[PDB]
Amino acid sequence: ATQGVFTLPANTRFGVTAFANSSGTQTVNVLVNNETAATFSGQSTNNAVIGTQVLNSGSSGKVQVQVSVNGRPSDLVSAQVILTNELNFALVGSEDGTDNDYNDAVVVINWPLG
């Protein structure tokens, strides 16, 4: 099944934050309405924040997370969780190798903001 694709309400501010846990440099692309809206790059084996930003979901509300390492797309796992019918998390894990810890790039999207 497709992973890393989330439907947000239109024109909504959301945060997006990426963490790295791999010897390979992580490239995180965030797409809104099928266009690149943010790009994060960094390397860490200690969960360093390689990027954090506020974006807008635009007229379509379609948000997609893509992760690649040295040009190779990583395998993604994802899910969305809603607390008290209000607080939204869109969660992404990714695996760039063979150990399947799926933390190599960890991306957290949250809304609403403010």
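For every residue, the number given is its place in the sequence shown, counted from 1.
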item: Of 39 to 47 and 83 to 91, the stretch whose C-alpha atoms average the higher B-factor in the entry; value: 39 to 47
item: Greater mean Cα temperature factor according to the PDB record, 56 to 64 or 73 to 81; value: 56 to 64
item: Ranked C-alpha temperature factor of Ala105 among modelled chain residues, by third; value: lowest
item: Chain-wide C-alpha B factor ranking for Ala18, given as lowest, middle or highest third; value: middle
